[PDB]
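Structure of the sequence below:
(2 chains)
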Amino acid sequence: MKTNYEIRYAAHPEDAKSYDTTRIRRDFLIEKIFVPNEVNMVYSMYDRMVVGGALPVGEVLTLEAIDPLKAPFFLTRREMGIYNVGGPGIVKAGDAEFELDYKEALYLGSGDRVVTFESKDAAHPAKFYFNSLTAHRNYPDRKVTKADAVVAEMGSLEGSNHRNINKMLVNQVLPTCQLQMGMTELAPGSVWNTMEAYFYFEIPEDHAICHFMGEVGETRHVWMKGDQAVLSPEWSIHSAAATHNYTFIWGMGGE
Amino acid sequence: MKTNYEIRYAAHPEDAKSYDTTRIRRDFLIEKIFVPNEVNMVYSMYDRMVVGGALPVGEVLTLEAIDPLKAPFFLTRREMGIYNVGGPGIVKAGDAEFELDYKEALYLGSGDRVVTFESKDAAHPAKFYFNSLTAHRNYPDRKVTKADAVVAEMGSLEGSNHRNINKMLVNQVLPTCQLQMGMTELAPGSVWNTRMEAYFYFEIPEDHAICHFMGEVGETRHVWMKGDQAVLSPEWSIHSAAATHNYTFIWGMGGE
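Numbers count the residues shown, from 1 in each chain, chains lettered A, B, ... in the order given. Below you will find the coordinate block:
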């Protein structure tokens, strides 16, 4: 068991236009999400979003109240949405207990509760990706699958952007303070996705995603792999083109 | 008829990494290729490649020996590859005469000859796109169509890069000094295109765009392009591209 976190500052669009590739990767790209028996987190000064991953491999991992939360429990005054993008797993929060398989999601509300992550089989570990935002009041926990989602079909073969948007941890489904999350699945041969955090997965290891950012007319990009996330500022665009189809999770807060 | 040209200098990758979007567009993108009864040309200090277009609309257009050539004729000490990407047209070079329809190509060798471009019907004008490099000896002219091409099918549905590479003005088909050119046609639903190279994109709807990548590996940039535009790709630069729709592109290269 080990928790790593880092704080990342927000930025001005006028300054970001001069960033080089190294600077863009340092500030926006999150490369180290899943490491065996680690919980790895980025605390973003864009709306105080925490983006993280937990990878239990023969251990139960605890969600620790990192220093910048200034709270005895991670969810003391926070809410979070969790997706499993690996093998079957279990999330516990206080005495509540949820089974999550591949591509299933879970909202947890505020409260002084111990949160733990575990895999049913260490040979096929759970990969828990999560976003978290502040929460000034509790709302009930809910497990949410694609079955409970508002689905929207978009794009076409011609435009290489045929995809299903699964709106899951959204206002139409369940109450939350500010966190909204969903999952969008590109059809075979579609590669375009025509503050927000984007996490990409279900893409082979030899392929890549070009994630776009910056202001219109001054666009930049960052090259990403599966199981990596990116912070997309309020002032930034957020298109992506990969070298193969993929799925991605999106999350957002604020106003 | 009017001829416009501009000279564009080469760049060091160390300097290019600080270019903003405006500077990248200015130096690397060739936005204005086809204008009625103009020949528009760029002379690049990357291998002294000339990239240009000629759009004859009720006029016969002459290929002029622009000043940076310092020669009595454009082809005095040069060779060129022409593609027609519009309606039927005719290229004359000296007393030689070549009919070019859509997606047909033509190599002209060096020599003191007048070259002209014309459309058969002004209502359906020919769109002549060309690349030219220096040539220290003559090689015979030749028209080359897809039927003459060394064709290689590449990619797949899954990689959105299913394409036919038509290697047309290449060493396997005909001798040239250094110029080689070909045409790659992406399948419906495929958008990815893969020394100094020039890329020209077409057969894509007006409302769609090509995102052309450039820069060193680990320091990449991009430029958004439209159909009937070209881009110069330095020897130190990557050259992949992803469009929002399928397309065809012509490629030309020289050097070593």
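
in what helix or strand does residue A:138 lie?
Under DSSP states H and E, no helix or strand contains residue A:138.

you'd agree it is up against residue A:109?
Yes: Residue A:138 lies in contact with residue A:109 (C-beta atoms under 8 Å); the separation is 4.5 Å. (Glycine included, C-beta is placed from N, CA and C.)

These two - which one has more neighbours?
Per other C-beta atoms under 10 Å in any protein chain shown, whichever of residue A:138 and residue A:109 has more neighbours is residue A:109, with 21 against 14.

That one: what's it in contact with?
A:75, A:79, A:135, A:138, A:139, A:140, A:141, A:176 (C-beta atoms under 8 Å, 6 or more residues apart in numbering or on different chains).

List buried residues within these.
Buried residues within these, counting neighbours by 16 or more other C-beta atoms under 10 Å in any protein chain shown: A:75, A:79, A:135, A:139, A:141, A:176.

tell me which of those residues is nearest to chain B?
residue A:176 (33.8 Å; C-beta to the nearest C-beta).

Was I right to think the closest one contacts residue A:110?
No: at 10.5 Å, residue A:176 and residue A:110 do not qualify as touching, with contact defined as C-beta under 8 Å.

residues bridging contact with those two, i.e. touching both?
Common neighbours of residue A:176 and residue A:110 (C-beta under 8 Å, 6+ apart) are A:79, A:135.

Next up, the contacts around the closest residue to residue A:65 other than its chain neighbours.
Computed as C-beta to C-beta, 6 or more residues apart in numbering or on different chains, the closest residue to residue A:65 that is not its neighbour in sequence is residue A:74, at 4.8 Å. Counting by C-beta under 8 Å, 6+ apart, residue A:74 makes contact with A:63, A:64, A:65, A:66, A:80, A:115, A:132.

Now the second one. Nearest residue, chain neighbours left out?
What it means is residue A:64. Nearest to residue A:64 is residue A:3, by C-beta to C-beta, 6+ apart, at 4.5 Å.

does the one you found have beta-bridge partners, and which?
Beta-bridge partners recorded for residue A:3 (DSSP bridges): residue A:39.

Also residue A:105?
According to DSSP bridges, beta-bridge pairing links residue A:105 with residue A:83, residue A:144.

ditto for residue A:186
residue A:163.

do you know how far it is from residue B:193?
Look at residue A:186 and residue B:193: by C-beta to C-beta, to the nearest Å, they are 20 Å apart.

At the contact with chain B, which residues of the stretch 1-150 of chain A appear?
A:17, A:18, A:20, A:21 (C-beta under 8 Å from any C-beta of the partner chain).

of the contacts of residue A:74, buried ones?
Here, 16+ other C-beta under 10 Å leaves A:63, A:64, A:65, A:66, A:80, A:115, A:132 buried among the contacts of residue A:74.

State whether residue A:9 and residue A:43 are indeed in contact, as I suppose.
No: counting by C-beta under 8 Å, residue A:9 stays clear of residue A:43, with 10.2 Å between them.

So which of these two has more stuff around it?
Higher neighbour count among residue A:9 and residue A:43: residue A:43, with 18 against 8, using other C-beta under 10 Å.

ok, that one - contacts?
Per C-beta under 8 Å, 6+ apart, neighbours of residue A:43: A:5, A:6, A:7, A:8, A:49, A:50, A:66, A:68.

Same question for residue A:63.
Here residue A:63 is in contact with A:39, A:54, A:74, A:75, A:114, A:115, A:116, A:117 (C-beta under 8 Å, 6+ apart).

residues contacting the last one?
Looking back up the chat, that one is residue A:117. A:39, A:54, A:56, A:60, A:61, A:63, A:89, A:90, A:91, A:126, A:128.

Excluding chain neighbours, what is closest to the fourth one?
Looking back up the chat, that one is residue A:60. Per C-beta to C-beta, 6+ apart, closest to residue A:60 is residue A:118, 4.6 Å.

Can you list the strands that the helix or strand that neighbour falls within pairs with?
Using DSSP H and E, residue A:118 sits within strand A:115-119. If you go by DSSP bridges, strand A:115-119 pairs up with strand A:61-62 (antiparallel), strand A:89-93 (antiparallel).

can I get those strands in a markdown table with mean neighbour count?
Formatted as a markdown table, those follow (neighbours: other C-beta atoms under 10 Å in any protein chain shown):
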| stretch | mean neighbour count |
| --- | --- |
| strand A:61-62 | 20 |
| strand A:89-93 | 21 |
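
any chance you could map the strands in the stretch 151-255 of chain A?
A:163-169, A:180-186, A:192-193, A:196-201, A:209-215, A:218-224, A:228-232, A:240-242, A:247-252 (DSSP state E, counting those that start in this stretch).

which helices and strands does the fourth one pack with?
Put plainly, it is strand A:196-201. The contact analysis (3 or more C-beta pairs under 8 Å, 6 or more residues apart in numbering or on different chains; DSSP states H and E) places strand A:196-201 against strand A:49-54, strand A:128-134, strand A:209-215, strand A:228-232, strand A:240-242, strand A:247-252.

Now do that strand and strand A:180-186, the angle between them.
Angle of strand A:196-201 versus strand A:180-186, following axes from the mean of the first three to the mean of the last three C-alpha atoms, to 10 degrees, is 40 degrees.

Show me how far strand A:196-201 is from its chain's centre.
From the chain centre to the centre of strand A:196-201 is a distance of 5 Å (C-alpha atoms, centre = their mean, to the nearest Å).

Would you mind pulling the contact partners of stretch A:2-22?
So stretch A:2-22 is contacted by A:27, A:32, A:37-46, A:52, A:64, A:66, A:68, A:214-215, A:218, A:220, A:222, A:231, A:233, A:235-236, B:17-18, B:20, B:218-220 (C-beta under 8 Å, 6+ apart).

Identify those among the buried ones among the contacts of residue A:74 that sit within strands.
A:80, A:115, A:132 (DSSP state E).

before we move on, back to that, could you flag which of the contacts of stretch A:2-22 are buried?
Counted by 16+ other C-beta under 10 Å, the contacts of stretch A:2-22 give A:27, A:37-44, A:46, A:52, A:64, A:66, A:214-215, A:220, A:222, A:231, A:233, A:236, B:219-220 as buried.

How about stretch A:220-234 and chain B, touching?
Yes: applying C-beta under 8 Å from any C-beta, one finds stretch A:220-234 in contact with chain B at A:220, A:221, A:223.

Show the contacting residues for the residue of chain A positioned farthest from its centre.
Going by C-alpha atoms, centre = their mean, the residue of chain A most distant from its centre is residue A:158, 29.1 Å out. Applying C-beta under 8 Å, 6+ apart, we find residue A:158 in contact with B:188, B:189, B:245, B:246.

cool, and residue A:244?
Contact analysis of residue A:244 by C-beta under 8 Å, 6+ apart lists A:191, A:203, A:204, A:207, B:158, B:159, B:160.

how about it, phi and psi?
phi -170, psi 160 (degrees, to the nearest 10).

now swap in residue A:28 and tell me
The phi/psi pair for residue A:28 (degrees, to the nearest 10) is phi -110, psi -30.

Who's the closest spatial neighbour of it, skipping the chain neighbours?
residue A:231 (5.0 Å).

which of the ones in strands among the buried ones among the contacts of residue A:74 lies closest to chain B?
residue A:132 (32.2 Å).

Surely that closest one touches residue A:47?
No: counting by C-beta under 8 Å, residue A:132 sits too far from residue A:47 to count as a contact (10.6 Å).

Tell me if residue A:24 really is in a helix.
Yes: counting by DSSP: H, G, I helix; E, B strand; the rest coil, residue A:24 is located in a helix.

residues contacting it?
Contacts of residue A:24 by C-beta under 8 Å, 6+ apart are A:213, A:220, A:222.

Report the beta-bridge partners for the first one.
In this case it means residue A:213. With DSSP bridges as the rule, residue A:213 is bridged to residue A:220.
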